[PDB]
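First comes one chain, alone, set out as structure tokens in the form deposited in one PDB entry.
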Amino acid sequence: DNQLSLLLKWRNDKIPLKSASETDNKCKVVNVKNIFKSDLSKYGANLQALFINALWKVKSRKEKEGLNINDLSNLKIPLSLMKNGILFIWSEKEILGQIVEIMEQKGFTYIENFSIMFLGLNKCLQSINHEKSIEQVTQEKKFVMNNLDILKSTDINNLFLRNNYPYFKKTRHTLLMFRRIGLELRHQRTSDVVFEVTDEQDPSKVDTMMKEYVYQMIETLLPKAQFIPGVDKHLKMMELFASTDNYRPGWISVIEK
């Protein structure tokens, strides 16, 4: 009926979240006071995948800080930093057009979108039974995954999140893919839409085992971009506004410390 055992199959499938890598040749960490107002060309060059892990300070979000969209144009992205690379950026409904126009001014061609459809944790809990911390949320999600054959008689349209927005109700999260040319991709290996059950507080802040899915999607877009130690000497993947303790191997993590 629901087919939720197939919609959320990845959530339990053999997709283990990766552990943080130590400061060694398999990774690289950079600490900068400000990312937009700093020269990023010296940290790396000839990149072909740049993931901007940006959390925007939009009016829909209930006054919990973040980046400013008007400062994105201040960011300098020279041709030396990448020549032909795909740029991934976290979008919001308020600033989609501004992001598109800024990436056009910088020389990037909008190519693709990626969407996460959000289901409610409380809705699934109520369907199964009848200020939470990270550990409590994780264990509640494991519980919901365990009892996946109980709520299969429900209707999916009753499980979606309905977040506030002056026009509609938010149910998805958006990742924009822009292209620049001056890469031997594998094309259609990941679906354009994914399903995820999440808490209703900060659905924008993609958590672990969801950010891991995004990392795997980005890494399988470019199979030739794998950083095999020894044969190569420079990392060809970069992330801005990364996590201070979780260092993904093969990536250059830039921390706004």
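Don't overthink the numbering: it's just position in the shown sequence, from 1. Residues that one form lacks are left out of the comparison. Between two forms, the rigid core is defined as the largest C-alpha subset superposing within 1.5 Å.
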Gap size, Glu131 back to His130 (deposited sequence, no coordinates): 10 or more
Interresidue gap class [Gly182, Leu183; deposited sequence, unmodelled]: 4 to 9
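Note that the form deposited in another entry isn't included here; everything after this is about it.
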Displaced residue check between this form and the one not shown: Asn25, CA, 2 Å or over, core reference: no
Distance direction in that other deposited form for the C-alpha atoms of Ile52 and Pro16, relative to the displayed form (3 angstroms or more): closer
Inter-Cα distance between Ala20 and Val197 in that other deposited form, nearer or further [3 Å or more]: farther
Segments displaced between this form and the one not shown (3 or more residues, each Cα shift of 2 Å or more, core-superposed): 13-23
